[PDB]
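Have a look at the structure below before the remarks.
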Amino acid sequence: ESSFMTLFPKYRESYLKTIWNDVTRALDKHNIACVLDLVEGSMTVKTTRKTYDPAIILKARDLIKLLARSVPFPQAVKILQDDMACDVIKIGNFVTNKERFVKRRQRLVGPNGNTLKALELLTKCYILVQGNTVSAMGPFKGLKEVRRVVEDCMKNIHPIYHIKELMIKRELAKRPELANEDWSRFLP
Amino acid sequence: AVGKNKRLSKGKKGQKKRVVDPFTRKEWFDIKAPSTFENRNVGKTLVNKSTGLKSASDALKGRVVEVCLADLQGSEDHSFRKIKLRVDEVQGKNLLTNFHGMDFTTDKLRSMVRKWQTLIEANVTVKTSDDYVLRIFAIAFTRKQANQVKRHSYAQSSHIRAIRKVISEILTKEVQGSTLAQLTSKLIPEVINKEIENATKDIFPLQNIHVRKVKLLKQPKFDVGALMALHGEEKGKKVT
Amino acid sequence: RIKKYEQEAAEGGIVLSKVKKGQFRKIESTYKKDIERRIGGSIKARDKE
Amino acid sequence: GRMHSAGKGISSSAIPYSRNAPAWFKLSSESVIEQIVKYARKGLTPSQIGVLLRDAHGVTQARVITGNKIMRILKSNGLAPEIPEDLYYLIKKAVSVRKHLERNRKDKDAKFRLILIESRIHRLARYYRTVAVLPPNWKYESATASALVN
Amino acid sequence: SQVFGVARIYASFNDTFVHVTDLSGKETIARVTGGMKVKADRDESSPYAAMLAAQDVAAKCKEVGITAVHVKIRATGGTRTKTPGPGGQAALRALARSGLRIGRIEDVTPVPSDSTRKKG
Amino acid sequence: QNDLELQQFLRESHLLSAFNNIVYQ
RNA sequence: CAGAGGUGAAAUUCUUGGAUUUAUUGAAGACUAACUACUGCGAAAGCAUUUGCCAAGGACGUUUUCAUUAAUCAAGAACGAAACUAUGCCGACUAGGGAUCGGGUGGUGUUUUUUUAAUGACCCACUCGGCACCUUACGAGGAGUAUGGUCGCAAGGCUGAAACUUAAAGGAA
């Protein structure tokens with residue numbers, strides 16, 4: 001008999017109260033019980049005596065983590081989906097210069113959100129740049145490329161380079177001629 | 001990559017024959033908790049074979065098991081903590097382990113740590129009267145009262161130092177006045193938590209108080225009579 | 001809606017694209033409803049004044 | 001400016017309008033005089049003299065209780081200092097920091113602070129020599145520091 | 001009545017280990033891998049691969065006498081990613097389907113109490 | 001920066017995303 | 001007991017002297033995860049585990065002390081691979097508003113606790129000083145086409161093969 005708990009601050013308290021019938025519907029559909037506490041700001045999920053997927057309870061743990069980290073409900077359920085995962089990526093501990101750090105992550109998110117929407121769409125992922133952390137949910141490959149790209153952008157390679165690299169790799173994979181080559185003569 | 005896709009390295013020049021089944025030759029053992037606990041018997045283990053009972057003895061006395069406190073006490077309020085236990089002596093398919101360490105787990109800690117509050121940590125090394133030198137980690141999170149509108153109830157650094165001092169004092173006093181047996185019998189049923197809380201009720205009211213991690217640094221000399229007493233001599237069959 | 005969104009992210013800090021001082025922040029809601037054909041980039045009377 | 005530190009703070013005493021003592025004061029002017037003299041013989045700086053006399057004995061402020069500022073009292077009774085007390089405290093601070101550095105040769109922050117202190121102490125010394133209240137050939141150096149504090 | 005053992009699951013984004021072991025952690029009973037199991041070098045991290053690997057380890061366990069498991073799942077952790085893998089999830093599912101009684105799940109993850117890097 | 005298809009994909013990224021309900025060729 | 005790492009797919013590499021994984025450790029030199037900001041500090045470069053110790057500083061409470069000792073500062077002295085979509089009219093400046101950080105006063109009930117050891121958290125108004133955030137009164141060449149010049153640019157013929165109508169082989173067909 002297993003369970004997990006995680007904590008939310010007050011604004012997410014508001015939206016969580018708003019959505020709670022939905023998360024209980026979904027965890028009902030998978031036969032997992034969940035409880036919301038407004039006094040301790042707490043959120044618990046627990047296994048039943050009729051459930052048969054402790055993998056799904058692990059999923060639900062990561063679910064509630066995402067909800068408290070404030071991605072909305074449709075993305076919550078898309079993480080409860082089978083072949084998906086979310087990932088916390090630390091980017092606080094790279095640049096000593098405060099303004100340089102702030103500037104570099106601003107470059108990551110890109111003007112008018114252009115860079116963010118572009119990389120998200122290419123990777124089928126969903127990305128939330130949270131202060132000194134980055135959260136990424138999606139299919140496993142998508143997370144892999146996202147982690148590499150965000151790390152280089154915290155480093156000193158422009159995501160503009162990375163988006164072009166992803167696009168070229170995308171076309172190369174799309175055309176099924178070269179299934180065993182280096183491709184380095186293609187990539188920039 | 002068992003098939004033909006992967007090249008031949010040095011690899012399978014000549015490999016030995018899977019002919020033994022070490023599991024054919026192994027042997028089961030049963031282990032038993034110390035008396036501080038309630039559910040005394042916990043699971044099984046294996047040893048290679050007693051052709052060296054020297055080997056059985058030395059490997060087992062080296063052995064260090066861990067356990068879920070839920071199993072070890074039959075209580076799901078005790079569930080959320082782990083324990084480590086050390087093997088000491090073997091007789092009649094019976095390992096009679098002795099306490100080794102104590103832990104929260106990453107899940108409970110990560111759950112516990114909020115965003116808008118103040119974290120508090122304090123370690124201290126002590127020597128129990130049993131001459132077991134030991135190291136205790138206790139954490140504690142500050143909270144707001146019910147009387148609050150402040151979103152964040154932070155702590156002034158003088159207060160934080162004051163309660164580290166107080167927690168170090170209480171840990172020193174308690175371990176010194178205790179032995180290993182009473183110490184475990186205390187840290188299982190949540191007593192130091194409450195005492196720390198009632199003590200620091202004055203400085204800056206807290207919410208979470210916990211003996212996070214207990215580590216053992218060096219044991220005194222082994223004493224089989226004493227440990228046999230702690231848990232709670234046989235004749236053969238004159239087979240011929 | 002834009003005030004709700006800025007307050008949302010700012011208050012749970014999610015670094016955003018730096019909009020100018022004048023215009024309206026651009027979001028998926030305005031991309032999808034195609035509102036600026038009817039409202040504009042920003043209040044040009046205020047911009048000229 | 002609150003020089004060398006950019007905080008614009010203001011924090012000090014005011015002064016009531018009246019140029020007298022409150023009537024409920026009933027101590028001898030001469031009595032407070034010998035208390036001043038006795039504390040000076042004990043070895044307290046004029047600032048501390050004023051502090052003790054306005055805490056312990058309800059003496060509001062000596063400039064009004066008696067006819068003179070307290071080191072004018074001490075000059076009348078032959079106890080002016082050799083250097084003004086603020087300059088003396090600066091000397092003490094400089095000695096402290098220099099000896100600190102000498103045992104601890106890496107505190108660059110302290111080096112910076114010592115620059116600040118030497119600057120201000122030069123300023124004050126210049127003012128005193130402008131009044132000629134201190135001797136004109138008088139200088140600051142570590143030698144004066146050692147031979148005057150030790 | 002019930003014979004327990006631990007099972008550590010190493011769930012990379014590239015590989016998969018199921019590793020069943022006596023409660024003390026000394027004498028491991030079984031250990032296979034997606035790379036050991038599948039023939040395509042990249043399917044080695046397929047949930048299908050993890051399913052088969054769990055099948056063989058379950059076979060060994062039901063042979064020797066293991067019947068219930070404390071399962072600890074784990075990722076590469078440390079400086080690199082700290083998220084489990086397709087193998088981990090599918091392997092836990094496959095164990096359940098094989099009927100090995102789940103004793104107790106958790107995540108245990110090699111986490112830095114501080115990093116191992118260089119700040120620029 | 002002086003590339004032409006990439007910049008275009010960026011500036012159209014939002015449109016494609018909110019009108020998919022991937023194609024950018 | 002046979003692969004492991006890796007990648008889009010490879011490969012380099014490690015691997016019966018048992019790698020990767022397992023449990024117990026020991027050593028090694030790094031960095032202080034979470035708590036982490038809206039804020040803290042210092043002149044700036046910068047600053048995060050505990051704890052003494054030396055040594056300095058700010059804001060405040062002061063009916064203490066000095067009596068114009070100061071301002072801005074050309075000099076001089078102190079300290080020290082990046083870049084890659086950012087930009088707000090400015091100033092002798094008026095009323096401010098919420099929220100926060102550091103003191104201080106006053107009320108006031110809860111938490112606290114009681115001749116022993118610290119009279120501390122919270123709410124509240126007034127208050128100075130600081131990071132900020134939001135409102136406000138008022139002010140002294142590029143475009144692009146056109147070219148009877150100059151200066152460069154460089155053109156075709158199957159290959160051979162040219163003084164030879166010349167081979168094999170080749171190209172197209």
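Letters A, B, ... mark the chains of the structure tokens in the order given; residue numbers begin at 1 per chain; ligand numbers begin at 1, in order shown.
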
Do a neighbour search on residue 44 (chain E) at 10 Å with only C-alpha atoms (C1' of nucleotides), toss out local chain neighbours closer than 5 positions, and write the hits as a PyMOL selection string. (chain B and resi 1) or (chain E and resi 14-16+33-39+49-50+87)

Quick one: residues within 8 Å of region 5-13 of chain F, only C-alpha atoms (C1' of nucleotides) counted, chain neighbours fewer than 2 positions away excluded, as a PyMOL selection string? (chain A and resi 114-115+117-118+121+164) or (chain F and resi 1+3+15-17+24)

Can you write just those residues out, N, CA, C and O atoms, as a PDB file, in the first residue's frame?
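Saved the output as part_15.pdb:
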```pdb
ATOM      1  N   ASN A 114       9.404  33.367 -29.636  1.00  0.00           N
ATOM      2  CA  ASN A 114       9.669  32.657 -30.882  1.00  0.00           C
ATOM      3  C   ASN A 114      10.487  31.403 -30.636  1.00  0.00           C
ATOM      4  O   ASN A 114      10.106  30.311 -31.065  1.00  0.00           O
ATOM      5  N   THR A 115      11.609  31.539 -29.943  1.00  0.00           N
ATOM      6  CA  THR A 115      12.476  30.389 -29.766  1.00  0.00           C
ATOM      7  C   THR A 115      11.772  29.299 -28.982  1.00  0.00           C
ATOM      8  O   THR A 115      11.920  28.109 -29.285  1.00  0.00           O
ATOM      9  N   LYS A 117       8.450  28.630 -28.714  1.00  0.00           N
ATOM     10  CA  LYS A 117       7.445  27.949 -29.512  1.00  0.00           C
ATOM     11  C   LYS A 117       8.092  27.081 -30.571  1.00  0.00           C
ATOM     12  O   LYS A 117       7.632  25.964 -30.827  1.00  0.00           O
ATOM     13  N   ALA A 118       9.171  27.561 -31.185  1.00  0.00           N
ATOM     14  CA  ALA A 118       9.842  26.759 -32.197  1.00  0.00           C
ATOM     15  C   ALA A 118      10.386  25.467 -31.621  1.00  0.00           C
ATOM     16  O   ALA A 118      10.134  24.389 -32.172  1.00  0.00           O
ATOM     17  N   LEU A 121       7.543  23.062 -30.539  1.00  0.00           N
ATOM     18  CA  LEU A 121       6.869  22.417 -31.649  1.00  0.00           C
ATOM     19  C   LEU A 121       7.745  21.361 -32.297  1.00  0.00           C
ATOM     20  O   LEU A 121       7.255  20.283 -32.637  1.00  0.00           O
ATOM     21  N   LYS A 164      18.292  25.104 -35.760  1.00  0.00           N
ATOM     22  CA  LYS A 164      18.644  24.704 -37.118  1.00  0.00           C
ATOM     23  C   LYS A 164      19.159  23.275 -37.150  1.00  0.00           C
ATOM     24  O   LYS A 164      18.853  22.517 -38.079  1.00  0.00           O
TER      25      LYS A 164
ATOM     26  N   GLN F   1      21.431  34.547 -38.471  1.00  0.00           N
ATOM     27  CA  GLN F   1      20.551  35.704 -38.487  1.00  0.00           C
ATOM     28  C   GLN F   1      20.101  36.053 -39.893  1.00  0.00           C
ATOM     29  O   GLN F   1      18.930  36.393 -40.086  1.00  0.00           O
ATOM     30  N   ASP F   3      19.952  33.952 -42.371  1.00  0.00           N
ATOM     31  CA  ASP F   3      19.250  32.840 -42.993  1.00  0.00           C
ATOM     32  C   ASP F   3      17.817  33.267 -43.270  1.00  0.00           C
ATOM     33  O   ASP F   3      17.366  34.293 -42.758  1.00  0.00           O
ATOM     34  N   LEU F  15       1.794  30.630 -35.079  1.00  0.00           N
ATOM     35  CA  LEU F  15       0.684  30.326 -35.969  1.00  0.00           C
ATOM     36  C   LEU F  15       0.563  28.839 -36.203  1.00  0.00           C
ATOM     37  O   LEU F  15      -0.530  28.276 -36.076  1.00  0.00           O
ATOM     38  N   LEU F  16       1.666  28.182 -36.558  1.00  0.00           N
ATOM     39  CA  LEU F  16       1.579  26.750 -36.808  1.00  0.00           C
ATOM     40  C   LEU F  16       1.114  26.019 -35.561  1.00  0.00           C
ATOM     41  O   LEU F  16       0.240  25.146 -35.626  1.00  0.00           O
ATOM     42  N   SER F  17       1.665  26.387 -34.406  1.00  0.00           N
ATOM     43  CA  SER F  17       1.289  25.708 -33.180  1.00  0.00           C
ATOM     44  C   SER F  17      -0.188  25.836 -32.884  1.00  0.00           C
ATOM     45  O   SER F  17      -0.840  24.829 -32.611  1.00  0.00           O
ATOM     46  N   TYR F  24       5.856  22.487 -41.410  1.00  0.00           N
ATOM     47  CA  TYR F  24       6.305  23.845 -41.644  1.00  0.00           C
ATOM     48  C   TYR F  24       6.990  24.007 -42.988  1.00  0.00           C
ATOM     49  O   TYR F  24       7.369  25.125 -43.342  1.00  0.00           O
TER      50      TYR F  24
END
```

How far is it from CA of residue 78 (chain A) to CA of residue 138 (chain A), in Å with one decimal?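 Computed distance, CA of residue 78 (chain A) to CA of residue 138 (chain A), equals 8.4 Å.
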
Please return, as a ChimeraX atom specification, all residues of chain B that DSSP assigns to strand (DSSP E or B) on the basis of the backbone. /B:27-32,41-47,64-68,81-86,90-91,94-96,98-104,118-127,133-142,206-218

Just want the 12 Å neighbourhood of residue 87 (chain D), counted on only C-alpha atoms (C1' of nucleotides), with same-chain residues fewer than 2 positions away dropped. Output as a list in words.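 In the requested format, the answer is residues 81, 82, 83, 84, 85, 89, 90, 91, 92, 93, 94, 117, 118, 120, 121, 122, 123, 124, 125, 126, 127, 128, 134, 140 and 145 of chain D; 65 and 66 of chain G.
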
Record the distance separating CA of residue 153 (chain A) and CA of residue 108 (chain A), expressed in Å with one decimal.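 Between CA of residue 153 (chain A) and CA of residue 108 (chain A) the gap is 6.1 Å.
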
Long-range neighbours of region 101-109 of chain E as a PyMOL selection string, 8 Å cut-off, only C-alpha atoms (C1' of nucleotides), 4 positions minimum in chain: (chain A and resi 1-2+54) or (chain B and resi 105-107) or (chain E and resi 4+67-77+82+96)

Closest atom pairs, residues of chain D within 7 Å of chain G, only C-alpha atoms (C1' of nucleotides), as a Markdown table:
```
| residue | atom | partner | partner_atom | distance |
| --- | --- | --- | --- | --- |
| D:9 | CA | G:129 | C1' | 5.6 |
| D:11 | CA | G:60 | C1' | 6.8 |
| D:12 | CA | G:62 | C1' | 6.0 |
| D:13 | CA | G:62 | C1' | 5.3 |
| D:14 | CA | G:63 | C1' | 6.8 |
| D:15 | CA | G:63 | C1' | 5.6 |
| D:16 | CA | G:63 | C1' | 6.6 |
| D:46 | CA | G:65 | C1' | 6.5 |
| D:47 | CA | G:65 | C1' | 4.7 |
| D:50 | CA | G:64 | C1' | 5.3 |
| D:51 | CA | G:64 | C1' | 4.9 |
| D:60 | CA | G:63 | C1' | 5.6 |
| D:61 | CA | G:63 | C1' | 6.3 |
| D:97 | CA | G:55 | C1' | 6.3 |
| D:100 | CA | G:55 | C1' | 5.9 |
| D:110 | CA | G:56 | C1' | 6.4 |
| D:112 | CA | G:78 | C1' | 6.8 |
| D:113 | CA | G:56 | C1' | 7.0 |
| D:124 | CA | G:69 | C1' | 6.7 |
| D:127 | CA | G:69 | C1' | 5.6 |
```

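When only C-alpha atoms are used to compute distances to residue 47 (chain E), the closest of the residues E:93, E:119, E:80, E:31 turns out to be E:93.
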
Write out as a PyMOL selection string which residues come within 10 Å of residue 47 (chain A) when counting only C-alpha atoms (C1' of nucleotides), dropping same-chain ones fewer than 5 positions away. chain A and resi 1-4+31-34+52-54+56-57+60

For residue 27 (chain B), please output as a PyMOL selection string all residues within 7 Å (counting only C-alpha atoms (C1' of nucleotides); exclusion window: fewer than 6 positions along the same chain). chain B and resi 46-49

Hey, list the chain G side of the contact with chain A: 12 Å cut-off, only C-alpha atoms (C1' of nucleotides), answer as a PyMOL selection string. chain G and resi 7-11+31-34+36-37+45-47+81-86

Export, as a PDB file, in the first residue's frame, the selected residues with C-alpha atoms (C1' of nucleotides).
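Saved file selection_38.pdb follows:
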```pdb
ATOM      1  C1'   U G   7      24.588   7.922 -30.748  1.00  0.00           C
ATOM      2  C1'   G G   8      19.690  10.002 -35.311  1.00  0.00           C
ATOM      3  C1'   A G   9      22.267   5.544 -36.855  1.00  0.00           C
ATOM      4  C1'   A G  10      27.593   4.422 -35.755  1.00  0.00           C
ATOM      5  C1'   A G  11      32.145   3.979 -33.718  1.00  0.00           C
ATOM      6  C1'   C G  31      31.217  22.375  -5.349  1.00  0.00           C
ATOM      7  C1'   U G  32      27.624  23.585  -1.363  1.00  0.00           C
ATOM      8  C1'   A G  33      21.553  20.784  -4.542  1.00  0.00           C
ATOM      9  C1'   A G  34      16.917  21.476  -2.672  1.00  0.00           C
ATOM     10  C1'   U G  36      16.272  30.534  -3.550  1.00  0.00           C
ATOM     11  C1'   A G  37      12.947  35.929  -4.050  1.00  0.00           C
ATOM     12  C1'   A G  45      34.401  43.040  -9.519  1.00  0.00           C
ATOM     13  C1'   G G  46      31.356  39.753  -6.126  1.00  0.00           C
ATOM     14  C1'   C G  47      28.774  37.011  -2.265  1.00  0.00           C
ATOM     15  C1'   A G  81      36.630  33.859 -25.157  1.00  0.00           C
ATOM     16  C1'   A G  82      33.043  37.225 -25.185  1.00  0.00           C
ATOM     17  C1'   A G  83      29.401  38.685 -28.114  1.00  0.00           C
ATOM     18  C1'   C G  84      24.366  37.341 -30.557  1.00  0.00           C
ATOM     19  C1'   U G  85      17.143  41.402 -29.901  1.00  0.00           C
ATOM     20  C1'   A G  86      17.866  44.262 -25.687  1.00  0.00           C
TER      21        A G  86
END
```

Using only C-alpha atoms (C1' of nucleotides), determine which residues lie at most 12 Å from residue 134 (chain G), disregarding the query and same-chain residues fewer than 2 positions distant; provide the list as a ChimeraX atom specification. /G:96-99,132,136

May I have the selected residues written with N, CA, C and O atoms (P, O5', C5', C4', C3', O3' and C1' of nucleotides), as a PDB file, in the first residue's frame?
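For reference, again-v2.pdb as written:
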```pdb
ATOM      1  P     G G  96       1.145  62.986   0.893  1.00  0.00           P
ATOM      2  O5'   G G  96       1.217  61.406   0.702  1.00  0.00           O
ATOM      3  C5'   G G  96       2.079  60.809  -0.255  1.00  0.00           C
ATOM      4  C4'   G G  96       1.280  60.106  -1.322  1.00  0.00           C
ATOM      5  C3'   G G  96       1.022  58.622  -1.133  1.00  0.00           C
ATOM      6  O3'   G G  96      -0.014  58.362  -0.200  1.00  0.00           O
ATOM      7  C1'   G G  96       1.588  59.068  -3.386  1.00  0.00           C
ATOM      8  P     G G  97       0.059  57.106   0.803  1.00  0.00           P
ATOM      9  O5'   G G  97      -0.297  55.858  -0.111  1.00  0.00           O
ATOM     10  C5'   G G  97      -1.623  55.660  -0.557  1.00  0.00           C
ATOM     11  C4'   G G  97      -1.682  54.674  -1.692  1.00  0.00           C
ATOM     12  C3'   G G  97      -1.368  53.233  -1.357  1.00  0.00           C
ATOM     13  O3'   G G  97      -2.423  52.551  -0.704  1.00  0.00           O
ATOM     14  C1'   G G  97      -0.224  53.826  -3.309  1.00  0.00           C
ATOM     15  P     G G  98      -2.470  52.459   0.903  1.00  0.00           P
ATOM     16  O5'   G G  98      -2.049  50.969   1.262  1.00  0.00           O
ATOM     17  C5'   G G  98      -0.893  50.369   0.714  1.00  0.00           C
ATOM     18  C4'   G G  98      -1.262  49.387  -0.363  1.00  0.00           C
ATOM     19  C3'   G G  98      -0.750  47.969  -0.167  1.00  0.00           C
ATOM     20  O3'   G G  98      -1.665  47.183   0.569  1.00  0.00           O
ATOM     21  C1'   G G  98      -0.117  48.747  -2.292  1.00  0.00           C
ATOM     22  P     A G  99      -1.167  45.958   1.475  1.00  0.00           P
ATOM     23  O5'   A G  99      -0.011  45.274   0.620  1.00  0.00           O
ATOM     24  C5'   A G  99       0.859  44.323   1.217  1.00  0.00           C
ATOM     25  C4'   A G  99       1.936  43.866   0.267  1.00  0.00           C
ATOM     26  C3'   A G  99       3.211  43.363   0.918  1.00  0.00           C
ATOM     27  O3'   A G  99       3.107  41.994   1.258  1.00  0.00           O
ATOM     28  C1'   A G  99       3.721  44.850  -0.870  1.00  0.00           C
ATOM     29  P     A G 132      17.211  49.208  -7.384  1.00  0.00           P
ATOM     30  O5'   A G 132      16.163  48.612  -8.418  1.00  0.00           O
ATOM     31  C5'   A G 132      14.822  49.063  -8.437  1.00  0.00           C
ATOM     32  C4'   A G 132      13.886  47.975  -8.002  1.00  0.00           C
ATOM     33  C3'   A G 132      12.474  48.072  -8.531  1.00  0.00           C
ATOM     34  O3'   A G 132      12.356  47.548  -9.833  1.00  0.00           O
ATOM     35  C1'   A G 132      12.419  47.653  -6.216  1.00  0.00           C
ATOM     36  P     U G 136      -0.532  57.922 -15.208  1.00  0.00           P
ATOM     37  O5'   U G 136       0.254  59.169 -14.618  1.00  0.00           O
ATOM     38  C5'   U G 136      -0.383  60.428 -14.482  1.00  0.00           C
ATOM     39  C4'   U G 136      -0.482  60.855 -13.039  1.00  0.00           C
ATOM     40  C3'   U G 136       0.055  62.230 -12.710  1.00  0.00           C
ATOM     41  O3'   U G 136      -0.801  63.277 -13.105  1.00  0.00           O
ATOM     42  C1'   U G 136       0.779  60.696 -11.081  1.00  0.00           C
TER      43        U G 136
END
```

With the cut-off set at 9 Å and counting only C-alpha atoms (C1' of nucleotides), tabulate each residue of chain G with an atom at most that distance from an atom of chain C, showing the nearest atom pair and its distance in Å to one decimal, ordered by chain and increasing number, as JSON lines.
```
{"residue": "G:38", "atom": "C1'", "partner": "C:11", "partner_atom": "CA", "distance": 8.5}
{"residue": "G:86", "atom": "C1'", "partner": "C:18", "partner_atom": "CA", "distance": 8.8}
{"residue": "G:87", "atom": "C1'", "partner": "C:20", "partner_atom": "CA", "distance": 8.9}
{"residue": "G:88", "atom": "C1'", "partner": "C:21", "partner_atom": "CA", "distance": 8.5}
```

Once you count only C-alpha atoms, what closest atom pair and distance in Å to one decimal does each residue of chain C within 7 Å of chain F have, with rows by chain and rising residue number, as JSON lines?
```
{"residue": "C:28", "atom": "CA", "partner": "F:18", "partner_atom": "CA", "distance": 6.5}
{"residue": "C:31", "atom": "CA", "partner": "F:15", "partner_atom": "CA", "distance": 6.5}
{"residue": "C:32", "atom": "CA", "partner": "F:18", "partner_atom": "CA", "distance": 6.0}
```

Pull C-alpha atoms from the residues just selected and write them as a compact mmCIF listing (two decimals), in the first residue's frame.
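Everything below was put into part29.txt:
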```txt
# COMPACT_ATOMS: atom_id res chain seq x y z
CA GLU C 28 -1.84 31.87 -27.98
CA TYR C 31 -2.89 34.14 -32.16
CA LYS C 32 -5.91 31.86 -32.24
```

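Across the structure, CA of residue 55 (chain E) and CA of residue 21 (chain E) are spaced 15.8 Å apart.
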
Determine which residues of region 17-96 of chain D DSSP labels as helix (DSSP H, G or I) from the backbone of this structure, then write them out as a PyMOL selection string. chain D and resi 29-42+46-55+62-65+70-76+85-96

Do you have, as CSV, the list of residues of chain G lying at most 8 Å from chain B, each with its nearest atom pair and that distance in Å to one decimal, counting only C-alpha atoms (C1' of nucleotides) and ordered by chain then number?
```
residue,atom,partner,partner_atom,distance
G:15,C1',B:11,CA,7.2
G:16,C1',B:15,CA,6.5
G:23,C1',B:64,CA,7.7
G:24,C1',B:62,CA,7.4
G:34,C1',B:110,CA,7.9
G:35,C1',B:119,CA,5.4
G:50,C1',B:122,CA,7.6
G:110,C1',B:147,CA,7.7
G:112,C1',B:202,CA,5.8
G:120,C1',B:203,CA,5.6
G:121,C1',B:204,CA,5.3
G:122,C1',B:147,CA,5.3
G:123,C1',B:147,CA,6.4
```

Pick from G:140, G:48, G:161, G:14 nearest to chain E, counting only C-alpha atoms (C1' of nucleotides):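 Closest to chain E, using only C-alpha atoms (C1' of nucleotides): G:48.
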